[PDB]
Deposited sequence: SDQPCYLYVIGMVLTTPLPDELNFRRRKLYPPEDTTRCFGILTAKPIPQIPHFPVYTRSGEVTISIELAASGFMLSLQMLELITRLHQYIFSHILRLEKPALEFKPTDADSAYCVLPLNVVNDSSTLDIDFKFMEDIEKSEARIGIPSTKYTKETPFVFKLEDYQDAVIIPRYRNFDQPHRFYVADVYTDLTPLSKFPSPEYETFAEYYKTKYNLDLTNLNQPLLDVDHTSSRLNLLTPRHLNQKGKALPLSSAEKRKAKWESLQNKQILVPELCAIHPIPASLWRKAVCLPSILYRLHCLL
């Protein structure tokens, strides 16, 4: 049968007020980056009014708009699209129930005009960090080189712990006044370099690199109402753990960059809410 293609339009209509920005984040309008998500279906999606999702950056207005229809796709491309759909929900979001309509897929411009991002999907499948921690070989003669532009829109993972299910972080800041030789926040160790050497037996090949501020990527599943009522003892403990996660300062050399950009990840976490709303 022929295909329908919809764009999931996203616009930050009400940026988070200062008084609610408890984790003191930068705000990231989705409309500031062209790569986004769409839906490929064999059946038309009924017209649905615009509706909000409440993200870390504030209230985002969602609109489902027709981009293309009455076209065919080869089996090969449908298979690629299907794999990426499954990848989004199993490996990025780590879900089992995508909607808490048939295929979510990345779209991007070719020139201001949106179409299926086949190249991006291919790049993901080729990436050595698509599933887990990628192999590396930093030595004195082939040292780690810090490229600032590679961290400007990055999701990172520690390469040295949690092999089976790595923790993903947004890079929230680059601390150019810090190096691995800066003082360590805990007194049992003098420097970041010493900490990583003692606990993990990790050597660093680059002692001039900046250090990174991070923001955990984990998000609640239903974003259809605002986050903010009192908390239980469990929720407190959870909040405290997230707080400590976000106080961590990481060393770029000891992290791997995920192939999905931070700007797209921020849009991905909205998908379950959007699919839930559409099937209602």
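When the deposited sequence is numbered from 1, the segments without any C-alpha atom are 1-2, 103-111, 122-123, 242-248, 301-302.
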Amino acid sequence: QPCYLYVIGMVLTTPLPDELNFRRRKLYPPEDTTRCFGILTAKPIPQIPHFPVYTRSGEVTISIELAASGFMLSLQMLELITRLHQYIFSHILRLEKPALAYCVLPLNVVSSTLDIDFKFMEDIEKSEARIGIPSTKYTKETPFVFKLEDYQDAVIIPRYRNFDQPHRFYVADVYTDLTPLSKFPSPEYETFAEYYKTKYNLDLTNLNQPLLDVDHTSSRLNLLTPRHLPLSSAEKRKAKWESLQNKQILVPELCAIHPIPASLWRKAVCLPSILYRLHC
From here on, numbers count along this sequence of modelled residues.
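Whichever C-alpha set is largest while still superposing within 1.5 Å between the two forms counts as the rigid core.
Larger root-mean-square CA separation from the shown form, computed after a rigid core fit of the structures in 6 other deposited structures of this protein, is seen for 16-24 when 257-265 is set against 16-24. Averaged as a root mean square over residues and superposed structures in 6 other deposited structures of this protein, CA distances to the shown form are larger in 135-143; the pair compared was 135-143 and 156-164 with a core fit.
Residue 233, present in the displayed chain, goes without coordinates in a third or more of the other PDB entries compared that cover both sides of it.
Compared with the other entries of this protein, residue 126 is consistently built, present in every one of those that build its neighbours rather than absent from a third. As recorded in the PDB entry, 6-14 is the stretch of 265-273 and 6-14 with the greater mean C-alpha temperature factor. Between the stretches 166-174 and 123-131, it is 123-131 that shows the larger average CA temperature factor. The entry assigns its greatest Cα B factor, within the set 232, 245, 222, 61, to 232. Across the residues 160, 195, 102, 146, the deposited record lists the maximum Cα B factor for 102.
In the deposited entry, the Cα temperature factor of residue 111 places it in the highest third of its chain's modelled residues. Sort the chain's modelled residues by C-alpha temperature factor and residue 51 lands in the middle third, per the entry. Looking at the C-alpha B-factors along this chain, the one for residue 77 belongs to the highest third. Ranked by Cα temperature factor within the chain, residue 37 sits in the lowest third according to the deposited record. Residue 95: CA B factor in the highest third of modelled residues in this chain (values from the PDB entry).
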